[PDB]
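Same chain, two forms, each on its own as structure tokens: structure 1, then structure 2.
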Structure 1
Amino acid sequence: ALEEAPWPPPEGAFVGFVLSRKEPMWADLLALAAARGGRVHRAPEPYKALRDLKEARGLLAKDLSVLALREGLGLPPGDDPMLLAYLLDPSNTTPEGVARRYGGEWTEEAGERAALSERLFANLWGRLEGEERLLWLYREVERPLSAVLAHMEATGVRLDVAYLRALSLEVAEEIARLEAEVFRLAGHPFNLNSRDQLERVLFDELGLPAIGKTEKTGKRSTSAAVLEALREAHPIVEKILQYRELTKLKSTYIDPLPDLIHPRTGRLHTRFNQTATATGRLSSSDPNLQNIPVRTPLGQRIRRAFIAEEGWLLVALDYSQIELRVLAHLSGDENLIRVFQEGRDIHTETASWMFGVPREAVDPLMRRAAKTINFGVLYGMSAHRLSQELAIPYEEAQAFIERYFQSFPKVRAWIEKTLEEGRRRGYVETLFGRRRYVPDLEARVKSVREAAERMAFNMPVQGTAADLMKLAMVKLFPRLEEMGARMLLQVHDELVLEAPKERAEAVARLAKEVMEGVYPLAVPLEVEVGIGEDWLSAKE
């Protein structure tokens, strides 16, 4: 039992803290404590006590650092046993689970959290002795990345609130036009947001053909993929699909985001969760700014609401065909390496083939559709689904996924090699040695085993791309600070920066070069960069 000692703690103590709510930019700091050398220090008043700390070292360090930044204090995050645990096994995503697994209990009291941070760090650091590549990821990627994310979180992004308020009222009237039409076509009103009520209308009352079933409960599905297949069978289907687009966008983005502007900053603040995915990707939450719309016209209007501070510009940088370049390097395939030493475009080539269109005329919306295909195909799509996704006979679907792989021969050999390894060692790994455990590779149920296989051989690709982006963020951040620029958002293979208008061009050039040269591969990494007043206009 730790000796209760007076605040403040010595240098290097492990911190524990309790927030009123999970979001650091919104939380009240209820209690603060620290632990070292067999002592626990409980702060009499936690906000004032923040100033005594040189570094947030402990569980969820980045969250406390964001809160410190909100208060104008430079309290960078350091060691965090969650990052160690996450690198050992990315299923380690919560403090509850990590505590249970590596020697304690996550409670609701700062002193115990500080003591727990200290014990867990000792034990996890032991487990990582001799895992030289994981230790490198920790010291060279994750631990410094957490500083970057804290600054992104605390900086936020500006949003055109008035513009969105106006858009809500317009979309509201159109939703009423669509719903009124649906209720007439059904002969009666019902809750069009209830997929159970819609299922009855569509397949019992109107006797439309039920195509597919839902996964867990076996209901007749009303998914867009099912509705797409029925849009000719009935005019109500078309209106329902339009109703779904508008209500999805209004309820998820248009209406909520303007209520989340922070009173102190006047900006919108997401969270970049650093121990949340099986592959090493970041995730974004509260709100998720990694799934802001972009595909449809209305979606594009929402994206335009993300704007630069007055007298600044946004700079948007996006890696080209990133996971395909990573695949070329991991596999060694020559026909593929060649494709990227020759600056060819496959999302354009596919978009030309599936549209019967010269590459000159593949517009931005055709190229996305081709990304569904190329990635859908590569990570294990079925001929049958493929035949449906791009509307061609099944026999055609088989051909695309046969030429898609014989054109690039040594991919399949890399797949087989990755699965064999994952079976023997129990995990697969990225170029840098990030691991994902995939136990079901020897499941005796084919469907389970084969799903495990698609998860296992995807991870080195998606996770290497994630390692590269994280490393680029870590390299780029100090260069932006020196140029008075900011890092705002990451969206997996994309960064959005904010720069003074007078240095925006120099920032964009520098950023592009840092990202392309992050870690040279057997193919070049290319980055598309754009500058604009709003997120959309900054992607050309």
Structure 2
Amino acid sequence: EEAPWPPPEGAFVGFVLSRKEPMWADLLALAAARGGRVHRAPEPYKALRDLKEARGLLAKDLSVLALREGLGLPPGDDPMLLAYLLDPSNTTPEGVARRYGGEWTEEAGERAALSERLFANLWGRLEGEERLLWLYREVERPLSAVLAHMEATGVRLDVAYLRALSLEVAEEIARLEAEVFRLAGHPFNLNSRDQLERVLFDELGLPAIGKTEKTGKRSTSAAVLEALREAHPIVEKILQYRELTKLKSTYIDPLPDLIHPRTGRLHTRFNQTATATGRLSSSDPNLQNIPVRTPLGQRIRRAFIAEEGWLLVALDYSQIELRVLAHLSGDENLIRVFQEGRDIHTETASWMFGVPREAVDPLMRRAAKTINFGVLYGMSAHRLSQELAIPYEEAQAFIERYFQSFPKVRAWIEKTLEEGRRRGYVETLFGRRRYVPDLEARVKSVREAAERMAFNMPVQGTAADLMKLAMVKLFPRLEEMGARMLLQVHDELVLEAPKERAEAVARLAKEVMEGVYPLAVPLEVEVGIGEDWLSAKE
């Protein structure tokens, strides 16, 4: 059924890249399939110009490569997105092919044929699935186009600044390393947790608190080291060493080497079918975990800057997952807290502790805040105790007071788990599903871990759905204003706008995000503008 290039309109495309990252890949081959024919491009790059849309497996990646080459080729249907909506464990084309009727090979024509067959089969599985079809048409398919533009646009990085920082950090790492070795009485590989374990617990006389999950070694995690801050001077030094080497090896050193020759910018990938909950992920490099908490972390974040003549605009939803929880659970006291525009963590501290706000102390707000996020994950009293460094019994008390103030939260958790046990899956506000079979595991630890995954998903997933919908609504407004969407970090968007229009863009983006989908509580968005990512977050 081999036919001459080019294919008719509406054909499914297949393509092969020299490497997974579309901004860096050579397009090795290109083909298209339709109506019982397969068309193979004699020269892929030139053939790219013949296509109206990228329709097929991994359509976004081909679109990114096209945008890189100055071609406006938007992604359309992609069987990966259909499969992911059916079951978010469908994350790879290898797996999706095996499950839905083919094999993911290394040949373009075969990939084109596969895309066509998988689309037909998967489209059929979605029929009747009204809510999933709505997510596909109104969120996932249009979002893929937005993501392609974001990937191809990239973000500006101050490379010289990072190079300079590297040299300074190297000197400080040396000071810490040298002092650790002196305290140990000998040098060893401070990067090896296996060697460190022996030094701390065997050679020195330190008590080993916890064990590691898979192999049961004595843990040297920060949680353990923190508990040992007073046991020996070597511990604090190790904590400092860990912080510095983590940031140097993961951000300071690698990032400057990833600037693209043609754009002069750093380009991530936004993976659309990678998580169990419907969140996006980011890779090669991951720009969703750039440091921000510590002083050195903040120094790194300052390296992300706006193009000359432009500004960054950073918009963050305030406590979106807690607001989603209020809506899903219908808890009146939680809803009241938000509807009143009061500081969530301070206000929650008022409810527990039984004191008016203004009387809420710094430590009390901390407890409330830790609980406010912890409840989303199924955080236990033991864990809370360690996080706040308070007596186990105090931690227990705090958790009980929380559920006594917000009783419908516990009720929603229990209802969600019961329904999940029955149906075998849980769902977001929009109907995105996650299958969680271990809800009926006979091993308590396994079952309870499954429960925490299960009741978190509707919260995290609804928050993800809302952010995705916001991006889809916001993108065409930005293009009209000559602004750019650069990054998404789960509950935050980073935009780049010409200086003259930054204020207007910030106001507009804030309004689009706050009004994306009205809930029983208001969505609040914090917005900042600045020359670098840190200064744009205020």
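Counting starts at 1 with the first residue of structure 1 and goes up one by one along its sequence. Just so we're on the same page, rigid core means the largest C-alpha set that superposes within 1.5 Å between forms. Only residues modelled in both forms are compared.
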Comparing the two rigid parts that turn against each other between structures 1 and 2, the one of 378, 256, 288, 23 sitting at the hinge is 378
Treating the chain as two rigid parts, the smaller one turns between structures 1 and 2 by an angle in degrees of 54
Superposed on rigid core, residue 208 CA travels between structures 1 and 2 a distance in Å of 0.9
Taking the rigid core as reference, the Cα of residue 359 travels between structures 1 and 2 a distance in Å of 7.7
Here the CA of residue 369, compared between structures 1 and 2 on the core, is shifted in angstrom by 8.3
In terms of 2 Å or greater CA shifts after rigid core superposition, the runs of three or more consecutive residues between structures 1 and 2 are 346-374, 377-379
